[PDB]
Amino acid sequence: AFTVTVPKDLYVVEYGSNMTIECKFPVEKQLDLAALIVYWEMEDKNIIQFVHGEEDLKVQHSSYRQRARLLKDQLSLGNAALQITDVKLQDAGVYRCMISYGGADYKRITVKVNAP
């Protein structure tokens with residue numbers, strides 16, 4: 001069965017530093033962009049909506065604009081890493097990594113932001 005794995009389910013970050021949360025899914029021999037769907041969220045805010053090789057920055061939440069990017073250099077390695085810059089207190093919460101690639105699964109990651 002298709003399975004999504006996360007090496008860490010809890011991230012502790014400093015105020016104002018950068019953070020890259022990892023989320024892995026199996027890729028065998030090559031990546032078919034037409035069959036991959038990646039979705040990142042927190043609470044109910046849209047962060048990443050990567051549907052068949054394209055992203056839509058209009059549906060993205062305003063709180064993560066110009067601060068969030070999906071590292072495409074590791075999608076071929078089976079790593080859909082979400083990087084958020086200049087972490088603020090509002091970035092603390094439970095993040096969900098939902099991936100659809102020849103199957104479906106999702107995982108949770110808890111992020112705690114230290115006070116400045």
# chains A, B, ... in the order shown; residues from 1 in each chain; ligands from 1
$ residues_around --residues "residue A:72" --least-positions-apart "5" --cutoff "10 Å" --atoms "only C-alpha atoms" --output "ChimeraX atom specification"
/A:77,79-82
$ select_by_dssp --residues "chain A" --states "helix (DSSP H, G or I)" --output "list in words"
residues 33, 34, 35, 62, 63, 64, 72, 73, 74, 89, 90 and 91 of chain A
$ write_last_selection --atoms "N, CA and C atoms" --output "mmCIF file, in the first residue's frame"
data_model
loop_
_atom_site.group_PDB
_atom_site.id
_atom_site.type_symbol
_atom_site.label_atom_id
_atom_site.label_comp_id
_atom_site.auth_asym_id
_atom_site.auth_seq_id
_atom_site.Cartn_x
_atom_site.Cartn_y
_atom_site.Cartn_z
ATOM 1 N N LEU A 33 5.070 13.714 -13.510
ATOM 2 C CA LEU A 33 4.453 14.933 -12.996
ATOM 3 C C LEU A 33 2.948 14.957 -13.227
ATOM 4 N N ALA A 34 2.465 14.245 -14.245
ATOM 5 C CA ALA A 34 1.039 14.248 -14.545
ATOM 6 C C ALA A 34 0.222 13.424 -13.560
ATOM 7 N N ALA A 35 0.861 12.596 -12.736
ATOM 8 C CA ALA A 35 0.159 11.766 -11.767
ATOM 9 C C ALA A 35 0.407 12.184 -10.324
ATOM 10 N N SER A 62 -2.996 34.328 2.244
ATOM 11 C CA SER A 62 -2.198 35.549 2.260
ATOM 12 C C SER A 62 -1.063 35.489 3.277
ATOM 13 N N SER A 63 -1.247 34.756 4.377
ATOM 14 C CA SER A 63 -0.231 34.703 5.422
ATOM 15 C C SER A 63 1.037 33.974 4.992
ATOM 16 N N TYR A 64 1.003 33.218 3.894
ATOM 17 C CA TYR A 64 2.173 32.465 3.457
ATOM 18 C C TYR A 64 2.666 32.906 2.083
ATOM 19 N N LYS A 72 11.566 21.866 -5.525
ATOM 20 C CA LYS A 72 11.395 20.935 -6.635
ATOM 21 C C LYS A 72 12.627 20.070 -6.861
ATOM 22 N N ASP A 73 13.778 20.461 -6.311
ATOM 23 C CA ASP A 73 15.008 19.709 -6.531
ATOM 24 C C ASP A 73 14.961 18.320 -5.907
ATOM 25 N N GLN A 74 14.008 18.062 -5.011
ATOM 26 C CA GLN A 74 13.926 16.781 -4.326
ATOM 27 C C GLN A 74 12.626 16.033 -4.583
ATOM 28 N N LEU A 89 5.376 33.737 15.012
ATOM 29 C CA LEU A 89 4.588 33.007 15.998
ATOM 30 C C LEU A 89 3.323 32.409 15.394
ATOM 31 N N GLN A 90 2.750 33.053 14.375
ATOM 32 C CA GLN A 90 1.534 32.535 13.759
ATOM 33 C C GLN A 90 1.775 31.264 12.957
ATOM 34 N N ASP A 91 3.029 30.930 12.665
ATOM 35 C CA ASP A 91 3.360 29.718 11.928
ATOM 36 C C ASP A 91 3.323 28.467 12.794
#
$ closest_residue --among "A:61, A:1, A:15, A:95" --to "residue A:107" --atoms "only C-alpha atoms"
A:95
$ residues_around --residues "residue A:8" --least-positions-apart "3" --cutoff "12 Å" --atoms "only C-alpha atoms" --output "list in words"
residues 5, 11, 12, 20, 21, 22, 23, 24, 107, 108, 109, 110 and 111 of chain A
$ residues_around --residues "residue A:51" --least-positions-apart "5" --cutoff "7 Å" --atoms "only C-alpha atoms" --output "PyMOL selection string"
chain A and resi 36-38
$ write_last_selection --atoms "N, CA and C atoms" --output "JSON list (two decimals), in the first residue's frame"
[["chain", "number", "residue", "atom", "x", "y", "z"],
["A", 36, "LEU", "N", 1.20, 13.22, -10.09],
["A", 36, "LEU", "CA", 1.56, 13.64, -8.74],
["A", 36, "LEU", "C", 0.73, 14.85, -8.33],
["A", 37, "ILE", "N", 0.16, 14.79, -7.13],
["A", 37, "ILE", "CA", -0.57, 15.90, -6.52],
["A", 37, "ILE", "C", -0.04, 16.07, -5.11],
["A", 38, "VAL", "N", 0.45, 17.26, -4.79],
["A", 38, "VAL", "CA", 1.01, 17.57, -3.48],
["A", 38, "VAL", "C", 0.24, 18.74, -2.89]]
$ residues_around --residues "residue A:30" --least-positions-apart "5" --cutoff "10 Å" --atoms "only C-alpha atoms" --output "list in words"
residues 75, 76, 77 and 78 of chain A
$ atom_distance --atom1 "atom CA of residue A:57" --atom2 "atom CA of residue A:6"
25.6 Å
$ closest_residue --among "A:14, A:52, A:9, A:67" --to "residue A:97" --atoms "only C-alpha atoms"
A:9
$ closest_residue --among "A:66, A:3, A:17, A:83" --to "residue A:114" --atoms "only C-alpha atoms"
A:17
$ closest_residue --among "A:96, A:58, A:88, A:69" --to "residue A:39" --atoms "only C-alpha atoms"
A:96
$ residues_around --residues "residue A:16" --least-positions-apart "3" --cutoff "9 Å" --atoms "only C-alpha atoms" --output "PyMOL selection string"
chain A and resi 13+85-88+116
$ closest_residue --among "A:31, A:42, A:19, A:10" --to "residue A:98" --atoms "only C-alpha atoms"
A:42
$ closest_residue --among "A:27, A:7, A:84, A:106" --to "residue A:48" --atoms "only C-alpha atoms"
A:84
